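Working notes, beginning with the structure itself.
Number of protein chains: 2
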Amino acid sequence: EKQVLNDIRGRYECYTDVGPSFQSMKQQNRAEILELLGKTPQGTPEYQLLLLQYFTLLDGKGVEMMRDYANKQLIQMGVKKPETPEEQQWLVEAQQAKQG
Amino acid sequence: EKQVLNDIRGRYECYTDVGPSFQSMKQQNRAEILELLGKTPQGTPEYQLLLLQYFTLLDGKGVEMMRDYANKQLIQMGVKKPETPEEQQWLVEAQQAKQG
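Sequence lines, in order, name chains A and B. Here the first sequence is numbered in the numbering used here, starting from 1 and rising by one per residue. Here the second sequence is numbered in the numbering used here, starting from 101 and rising by one per residue.
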């Protein structure tokens, strides 16, 4: 925008509703996925959700190793699509496609 | 930093929340992984968590042997990424990739 205030009048695009209180957006997204689990079979879409869960976990010694693994996994799954802080190269060695 | 005090004013990057009390960061990380277990199938990501658990265990005669095994395992899994106190060579004999 420009200057201290400058919002288009095409504002109200979201309607208001109620639901469980969360501390932060990441909190909700984490819970939203756990709900998506269990209500889904041990089929394939389960694994993506499962991975996505690890993806959302916040700092740790345990969580870091798993979060990164889940990321690489999801990018090489092709479904992630790199955020590109470095994940670009994560896709690079993934692009080879059974190249060895 | 420089001198006795020198913090940038880009401080407050973490918001405060409550949760179970732990004696130390390692305590929490340990518990955080145990929670991640059971809530996950006997699939593949179970094993990494399982190993990670051994990884986090503190000194012992029993735990040392297992912790080291889990480390090597995780590094040769490729997911660990060496801390390099010596684990560099742990990856060396791992780099060969079925070389024999």
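Ideal placement from N, C-alpha and C gives every residue a C-beta, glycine not left out.
Using three-state DSSP, classify B/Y115 as helix, strand or coil. B/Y115: coil per DSSP, three-state reduction.
Counted within 10 angstroms of its Cβ, other Cβ atoms place B/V104 as buried (16 or more) or exposed: The residue in question, B/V104, is exposed, as its Cβ has fewer than 16 Cβ neighbours within 10 Å.
Compute the Euclidean distance between the alpha carbons of A/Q95 and A/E13, then round it to the nearest angstrom. The C-alpha of A/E13 is placed about 39 Å away from the C-alpha of A/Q95.
Taking C-beta pairs closer than 9 Å, name the residues in chain B that A/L50 reaches, listed in chain order. Per Cβ cutoff of 9 Å: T140, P141, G143 and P145.
State the DSSP-derived secondary structure class of A/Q99, mapped to helix, strand or coil. Here DSSP, grouped into helix, strand and coil, assigns A/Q99 to coil.
If you draw a straight line from the alpha carbon of A/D7 to that of A/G43, how long is it in whole angstroms? CA-CA distance, A/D7 to A/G43, rounds to 46 Å.
Contact with chain B by A/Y69, beta-carbon distance below 8 Å: Contact of A/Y69 with chain B is assigned, a C-beta pair being separated by under 8 Å.
Roughly how many angstroms separate the alpha carbons of A/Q53 and A/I33, rounded to a whole number? One C-alpha to the other measures close to 7 Å.
Beta-carbon separation of B/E186 and B/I175 under 8 Å? No, the pair does not count as a contact, with Cβ atoms beyond the cut-off.
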